[PDB]
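Colleague:
Number of protein chains: 2
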Amino acid sequence: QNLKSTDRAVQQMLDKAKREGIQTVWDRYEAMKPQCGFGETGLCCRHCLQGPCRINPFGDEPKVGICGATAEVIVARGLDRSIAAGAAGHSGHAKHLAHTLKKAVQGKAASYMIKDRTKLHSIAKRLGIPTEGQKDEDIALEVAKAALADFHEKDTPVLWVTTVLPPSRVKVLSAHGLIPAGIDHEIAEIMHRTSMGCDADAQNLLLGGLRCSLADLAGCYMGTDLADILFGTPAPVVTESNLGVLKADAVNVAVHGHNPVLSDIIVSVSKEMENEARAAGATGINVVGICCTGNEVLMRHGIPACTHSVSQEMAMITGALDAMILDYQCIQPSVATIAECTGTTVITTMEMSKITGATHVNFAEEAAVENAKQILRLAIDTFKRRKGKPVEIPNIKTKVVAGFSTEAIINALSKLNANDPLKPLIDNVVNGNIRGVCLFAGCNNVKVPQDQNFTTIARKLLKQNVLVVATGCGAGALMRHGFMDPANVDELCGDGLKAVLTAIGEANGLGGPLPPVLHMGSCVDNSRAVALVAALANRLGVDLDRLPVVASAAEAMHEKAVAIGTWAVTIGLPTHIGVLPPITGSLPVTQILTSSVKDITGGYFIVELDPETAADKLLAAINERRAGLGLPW
Amino acid sequence: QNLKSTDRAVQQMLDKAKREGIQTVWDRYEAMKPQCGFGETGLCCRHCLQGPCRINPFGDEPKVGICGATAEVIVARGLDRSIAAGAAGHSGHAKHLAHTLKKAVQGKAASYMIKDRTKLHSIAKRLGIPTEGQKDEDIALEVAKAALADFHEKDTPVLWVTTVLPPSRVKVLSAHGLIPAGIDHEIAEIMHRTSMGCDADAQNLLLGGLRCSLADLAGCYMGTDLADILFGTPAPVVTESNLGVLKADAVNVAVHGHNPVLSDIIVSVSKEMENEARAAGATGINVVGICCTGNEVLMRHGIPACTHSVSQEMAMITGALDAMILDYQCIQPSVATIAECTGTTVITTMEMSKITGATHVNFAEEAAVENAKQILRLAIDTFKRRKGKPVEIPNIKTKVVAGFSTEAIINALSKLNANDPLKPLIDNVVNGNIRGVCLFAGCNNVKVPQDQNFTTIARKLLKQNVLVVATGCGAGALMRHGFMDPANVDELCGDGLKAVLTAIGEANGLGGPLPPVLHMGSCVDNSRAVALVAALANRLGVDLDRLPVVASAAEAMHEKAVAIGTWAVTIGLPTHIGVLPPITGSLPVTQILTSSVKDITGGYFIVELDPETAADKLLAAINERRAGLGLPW
Ligand code: SF4
Ligand code: SF4
Ligand code: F3S
Ligand code: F3S
Ligand code: FES
Ligand code: FES
Ligand SMILES: [Fe+3]
Ligand SMILES: [Fe+3]
Ligand code: NI
Ligand code: NI
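Same order as they appear, the protein sequences are chains X and X'. A prime marks a further copy of an entry chain.
Heads up, the first sequence is in PDB author numbering, so the first residue is 4 and it goes up one at a time.
Heads up, the second sequence is in PDB author numbering, so the first residue is 4 and it goes up one at a time.
1) Where does the unbroken alpha helix (DSSP H) through residue 271/X' begin, and where does it stop?
2) Can you find a CB in chain X that lies within less than 8 Å of the CB of residue 38/X'?
3) List, from N- to C-terminal side, the alpha helix (DSSP H) runs of 4 residues or more that fit wholly inside the region 26 to 110 of chain X'.
4) Check whether the Cβ of residue 276/X lies closer than 8 Å to any Cβ atom in chain X'.
5) One question on the structure: do residue 46/X and residue 105/X come within less than 8 Å of each other, judged by their Cβ atoms?
6) What number of angstroms, rounded off, separates the C-alpha of residue 156/X' from the C-alpha of residue 537/X'?
7) Please find out if some non-hydrogen atom of ligand 10 comes closer than 7 Å to the beta-carbon of residue 526/X'.
8) Buried or exposed, going by whether 16 or more other CB atoms sit within 10 Å of the CB of residue 590/X'?
9) Could you name the residues, in chain order, whose CB is less than 7 Å away from a heavy atom belonging to ligand 6?
10) Excluding the 5 residues preceding and the 5 following residue 87/X' in the sequence, name in chain order all residues of the same chain whose CB lies nearer than 7 Å to its CB.
11) State the Cα-Cα distance for the pair residue 60/X' and residue 452/X', rounded to the nearest angstrom.
12) In whole angstroms, give me the CA-to-CA distance for residue 38/X and residue 55/X'.
13) Quick one: what's got a C-beta closer than 6 Å to residue 1/X's C-beta in the same chain, skipping five residues either side?
14) Sorted by chain position, which residues of the same chain lie with C-beta nearer than 6 Å to residue 637/X''s C-beta, five sequence neighbours on each side aside?
15) Could you tell me which residues DSSP pairs with residue 555/X' in its beta bridges?
16) So, is the C-beta of residue 136/X' closer than 8 Å to a C-beta in chain X?
17) Quick one: does the C-beta of residue 95/X sit closer than 7 Å to a heavy atom of ligand 3?
18) For residue 608/X', which beta-bridge partners are listed by DSSP?
19) Any idea if residue 629/X is buried or exposed, counting beta-carbon neighbours within 10 angstroms, 16 or more meaning buried?
20) Could you name the residues of the same chain whose beta carbon sits closer than 7 Å to that of residue 364/X, not counting the 5 residues immediately before and after it, in chain order?
21) Following a CB-centred definition, is residue 460/X positioned closer than 7 Å to any heavy atom of ligand 2?
22) Is residue 89/X' closer than 8 Å to residue 219/X' when the C-beta atoms are compared?
23) Quick one: is residue 23/X' buried, meaning 16 or more other Cβ sit within 10 Å of its Cβ, or exposed?
24) Please classify residue 128/X: is it buried, with 16 or more other beta-carbons within 10 angstroms of its beta-carbon, or exposed?
25) First and last residue of the alpha helix (DSSP H) that includes residue 201/X'?
26) CA-CA distance, residue 177/X' and residue 64/X?
27) Considering only the alpha carbon of each residue, which of 326/X', 345/X', 356/X' lies closest to residue 336/X'?
28) Please report the distance separating the alpha-carbon of residue 399/X' from that of residue 139/X'.
29) Quick one: is residue 110/X buried, meaning 16 or more other Cβ sit within 10 Å of its Cβ, or exposed?
30) With 8 Å as the threshold, decide whether the Cβ of residue 355/X' is near any Cβ in chain X.
31) Given the structure, does residue 199/X come close to ligand 1, in the sense that its CB is under 7 Å from one of the ligand's heavy atoms?
32) Is the region 570 to 582 of chain X' in contact with the region 618 to 632 of chain X', if contact means three or more CB pairs nearer than 8 Å?
33) When the cut-off is 8 Å and only beta carbons count, does residue 452/X lie next to chain X'?
34) If you draw a straight line from the C-alpha of residue 544/X to the C-alpha of residue 170/X, how long is it?
35) From the DSSP output, in three-state form, read off residue 474/X for me.
36) Chain X' partners of residue 87/X, CB-CB under 8 Å?
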């Protein structure tokens, strides 16, 4: 089962699923082989009813689509639609939060409030919204209105792009026409331009895709901003991860999906329902996280993470998962059928994300507490139904230190230099104790043995003194393998990196180092990494494409991960992807994305499926940046 | 060549392309056979990087997508993305017009103006915008602002839905949650909900698709409204169609694509450039239409239509097409390579729709006349380059009476009943002289011998006394086969229909009948048919799903045609589609779209590839509606 997942808890549950005859994602993948080579290479188009069209990667006809669309056009159009779909998931998440904040400050949703007043005022100042002599509720109303305005055209571009990147970067992007006019405007323009008989020039199509990827970045940054206002900006917190965080004696409730508008209330209401759970014979309600809504409540409240991404079904296989509470995105719909075998109650809550066979409980922000109690009472009832039934919870968990928002990283560094907090980080980049920075982001993917690329690449980079930060299910992979436990610094980190992590940790009163990898949060919280990198660029007076900073979507899966990788390139970063996106059917498109885009944005994709080789290529990219700054490497 | 097209002019040019070795759309289709059966049935998904996934229509595994997505989910998600893409093309067209009107009345684009003041005031009244004591430019500014506001969420739903359908229909749709909140909002929500791990219930997905199809309707209606304000509401006009409208002695300039913001200015500027063309040795500039921008200038100015849809390359094969001026949508990108063989200068004009190898001349509304002259001077130069070269223009053309906007139809009927113009139409439905109404809409499709379904179905319906109206390339097919020439009424029309067309025509001073088919305009002008049908419903006090009115997208191709067919169903019409959409891989989805949706909206799809059988099924649908009203049939 080591070929399927490198996580021992997942392996144990794969053995249980096999003997119980429960089909998993890995079984459905095996049943799909061999996969279509036209789809794999991007050489398929279904954009009109004359299709499906395909192009042979090599050989004879078909060589061109029925309408005349070339391989370059077909590949670029498919990629652009994936970017638009990712942007749509974001930003839809962000729009939900904006409406929640607006309702909260209008008196329509009293379960929500301004929890982080400092964040609210800082965002207002960033946007140009006046605060002096204004009520907090009025400031927040203007912030929410500004957020909603960024979805459509207006007299300003998308401010959640132009106010979050340094002016010099905005100027580079504007010169190429890449600043988005409105988030949903760009999504629609992509769908238009990629429809039949429209844009048919690869470079033009890809420029459109870069611009739409910045609409995705705006949605990510807006999501982080608004969630921090409503639920609190993360600070360092200690918890645990992996399936061993489930408790046979408790009502185990997974929050799964994406939006803290839902998961944050489940967490608080679950605490009030403790005695109601105890009357049912449980010790209490044990909320655990899956995927990014799990990351949200881990980062803010230390809620333990159960599992992530590709292995999500395995939480159910334990037999101890009483409920799985869903909003949207990254939920394998197989959970609804597996639930019938395991007993778990799967509950959907959002009108636009239902799963046949799963109970639907509308969750309205206006009734959030009451709707949460209805949901948790279904979980309690499910716990009672498994009285006396053995469960198999692998006794496997890691210690996780997390909560490294950009504010928290700056604060930790400020213990070494109070009035110039970024300088200690820069000093150690210059002296070589920190070679560079690598952000691990994105999903697991059934094609890659689970976590193998994240851990293989991270181990090589850490030994070479790279400061590693992580989000999403990349953070999930690293946390489940011990990379967020400071006890593992000696084993994992090069001497220079260990010295820096130790100096920061000891200055923060830990008597020990920061963890080997800094958890910066959910996938929208890739925007936090942007904030950190932009702050470094501004402090140094250079653009982001001169910094020794790289990204790796080492096991990418979702359209959202394609969008994030694309904006990482667009803001100036060398960006590794560890699975094949459907681009190899067009050499011209591949050449643009991996090479000539350097001349547009300074970033570029690094497509590399072998993780050892990917680590070497990421180190070369970091070291090239060091050399460009005149630094030893 | 009769297997490829039923149009003799197209056949002649297919022979020329064959002997000259110029590959056509039909050749590229032949090279594509056999097409992928997974794509044909809808049983393929590429919504994440674990794909491509497929499901065998019948047999053994694969039976389910890797994430667990069932056939029902995969089929519904693909269909929803096609609807969103169609909506994006519209409405993007509409947004362009809204920005043009705004610029015009702000003094920023003096080549544009309020040409139809009556239409402006009527739209303002419909929307609730006050007119008394307001400057026309201020009324128009408010109309343009309202149009742009319908793209995003606000305190009202999309007014280009709720103000254009009768209250009883809006109530039915609202009860099912189908009224769009914002045009681009719905497009983005579709892309979100159909991304991996989101909506996974076929009925829920399809309800979302119906709602997005109404966002498409709003874009269509907005496009017609704004184009009528800017360029004039059509009235009956006489012209010609088919390749014989080209003139060897003139500079032949095709306008191709969609937006009259471009084609209307080409038409007027071409007239000023006559003497500049004559100095180059031409008789003048002969502007001709292709596709819907051709329909726009045909409807408003009587510009002759050269060709449509699938046969567009054949205009170039004549050797006499000096320029082809493009904005966006439905342009085979093959035109850019064919141009090198024929001599034609292909010119793109819109930033988001370029074609490699075609000259790009930005067209800005602020410089429209100057940019038009630059474009036409390239055409003049091209004419000069073909001095002395034989051309082969098939000497084939039909007479076309067109210009039947809903205002024009009402006015024609008012000659029989001045103060109750719809009553003469209703009277003749009741007495059986008019059996019902059928709208032909949409594209040609290379899979269907060109025009064969439109003409076969239309002939059967006309003999059964159906009033036939048409738009887009369905109008194109019918016009090129003589269905818009009143001289053909005796041959084509049943006695009852002939009597009505004759009574209306003679009351309008024609000494003869209206044509066999009424041309209601471009594909956005399917909204005109909605206006007519809604007006009939309101006059009768019944909802649209009780009227003997049907639609037929008999040779559909573009995602826009899928969106239009879907909103035709959503507003209550039996809607034929004459090509297979990618739905047959899921019986549950097919059953919803062809049957159970009757219980939601009263409309339904009729999927039928055999045109004789489709005509019978359309007549049965009309006659069932007649029976429901208590009428003989
Ligand atoms: S858009 Fe072109 S390449 Fe795509 S399915 Fe249609 S004819 Fe084929
Ligand atoms: S969304 Fe599901 S069915 Fe589609 S490609 Fe991904 S794993 Fe396969
Ligand atoms: S929440 Fe989803 S977008 Fe990827 S990072 Fe995890 S599978
Ligand atoms: S303009 Fe296009 S949408 Fe169809 S009706 Fe003609 S091919
Ligand atoms: S031919 Fe397999 S993805 Fe289309
Ligand atoms: S397997 Fe052919 S359309 Fe995907
Ligand atoms: Fe996520
Ligand atoms: Fe059209
Ligand atoms: Ni992610
Ligand atoms: Ni059309």
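From the three backbone atoms N, C-alpha and C, an ideal C-beta is built for every residue, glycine too.
Modeller: This is what the structure gives:
1) On the second sequence, position 268 is the one that residue 271/X' refers to. Where residue 271/X' is concerned, the enclosing alpha helix (DSSP H) stretches over 263 to 275.
2) As a working mapping, residue 38/X' is identified with position 35 in the second sequence. For residue 38/X', the answer is yes, since a Cβ of chain X falls inside 8 Å of its Cβ.
3) 28 to 35, 40 to 44, 74 to 108
4) Reading the first sequence from its first residue, position 273 is the one you call residue 276/X. Chain X', which has no Cβ nearer than 8 Å to the Cβ of residue 276/X, makes this no.
5) Position 43 of the first sequence holds residue 46/X. Position 102 of the first sequence holds residue 105/X. In this structure, residue 105/X does not lie closer than 8 Å to residue 46/X by Cβ.
6) Taking the first residue of the second sequence as position 1, residue 156/X' is located at position 153. Taking the first residue of the second sequence as position 1, residue 537/X' is located at position 534. The alpha-carbon atoms of residue 156/X' and residue 537/X' are separated by roughly 25 Å.
7) Within the second sequence, the letter at position 523 stands for residue 526/X'. Checking every heavy atom of ligand 10 against the Cβ of residue 526/X', one is found closer than 7 Å.
8) Residue numbering aside, residue 590/X' sits at position 587 when the second sequence is read from its first letter. So residue 590/X' counts as exposed.
9) 39/X, 41/X, 42/X, 47/X, 49/X, 55/X, 57/X, 39/X', 41/X', 42/X', 47/X', 49/X', 55/X', 57/X'
10) As a working mapping, residue 87/X' is identified with position 84 in the second sequence. Taken in chain order, the residues that qualify are 190, 193, 194, 215.
11) In the second sequence, counting from the first residue as 1, residue 60/X' sits at position 57. In the second sequence, counting from the first residue as 1, residue 452/X' sits at position 449. Using only the alpha carbons, I get a separation of about 27 Å.
12) By one-based count along the first sequence, residue 38/X stands at place 35. By one-based count along the second sequence, residue 55/X' stands at place 52. Each residue's alpha carbon lies about 6 Å from the other.
13) Not covered by the structure: residue 1/X. The range shown for chain X is 4 to 636.
14) No answer is possible for residue 637/X': the residues shown for chain X' start at 4 and end at 636.
15) For the purposes of this step, residue 555/X' is taken as the residue at position 552 of the second sequence. Paired residues: 443/X', 579/X'.
16) The sequence position of residue 136/X' within the second sequence is 133, counting from 1. Closer than 8 Å: no.
17) Translated into positions along the first sequence, residue 95/X becomes position 92. Residue 95/X: no, Cβ never under 7 Å from ligand 3.
18) Here residue 608/X' is taken as the residue at index 605 of the second sequence, counted from 1. Its beta-bridge partners are 578/X'.
19) Locating residue 629/X in the first sequence gives position 626, where the first residue counts as 1. It counts as buried.
20) Along the first sequence, one-based indexing puts residue 364/X at 361. Same-chain partners within the cutoff: 350, 352, 374, 377, 378.
21) The residue you call residue 460/X lines up with position 457 of the first sequence. No, the Cβ of residue 460/X stays beyond 7 Å of every heavy atom of ligand 2.
22) By one-based count along the second sequence, residue 219/X' stands at place 216. By one-based count along the second sequence, residue 89/X' stands at place 86. Contact flag set, yes.
23) Within the second sequence, numbered from 1, the residue matching residue 23/X' stands at position 20. Flag for residue 23/X' reads exposed.
24) Counting from one through the first sequence, the residue named residue 128/X turns up at place 125. With fewer than 16 Cβ atoms within 10 Å of its Cβ, residue 128/X is classed as exposed.
25) Here the question's residue 201/X' lines up with position 198 in the second sequence. Here residue 201/X' belongs to no alpha helix (DSSP H), and DSSP marks it neither H nor E.
26) Locating residue 177/X' in the second sequence gives position 174, where the first residue counts as 1. Locating residue 64/X in the first sequence gives position 61, where the first residue counts as 1. Using only the alpha carbons, I get a separation of about 50 Å.
27) Your numbering for residue 336/X' matches position 333 in the second sequence. Residue 356/X' is the option with its Cα nearest to residue 336/X'.
28) Start at 1 with the first residue of the second sequence, and residue 399/X' comes out as number 396. Start at 1 with the first residue of the second sequence, and residue 139/X' comes out as number 136. Near 45 Å, if we compare the C-alpha coordinates of residue 139/X' and residue 399/X'.
29) Here residue 110/X corresponds to residue number 107 of the first sequence, with the count starting at 1. When all chains shown are included, residue 110/X counts as exposed.
30) Counting from one through the second sequence, the residue named residue 355/X' turns up at place 352. With 8 Å as the cut-off, residue 355/X' counts as an interface residue toward chain X.
31) Numbered from its first residue, the first sequence carries residue 199/X at position 196. Yes, since a heavy atom of ligand 1 falls inside the 7 Å radius drawn around the Cβ of residue 199/X.
32) yes
33) The residue you call residue 452/X lines up with position 449 of the first sequence. Residue 452/X does not count as touching chain X'.
34) As a first step, residue 544/X must be located in the first sequence, where it is residue number 541. As a first step, residue 170/X must be located in the first sequence, where it is residue number 167. In a straight line, the C-alpha of residue 544/X is about 11 Å away from that of residue 170/X.
35) What you label residue 474/X is simply residue 471 of the first sequence in a count that begins at 1. Reduced to three states, the DSSP call for residue 474/X is strand.
36) For the purposes of this step, residue 87/X is taken as the residue at position 84 of the first sequence. The answer, in chain order, is 194.
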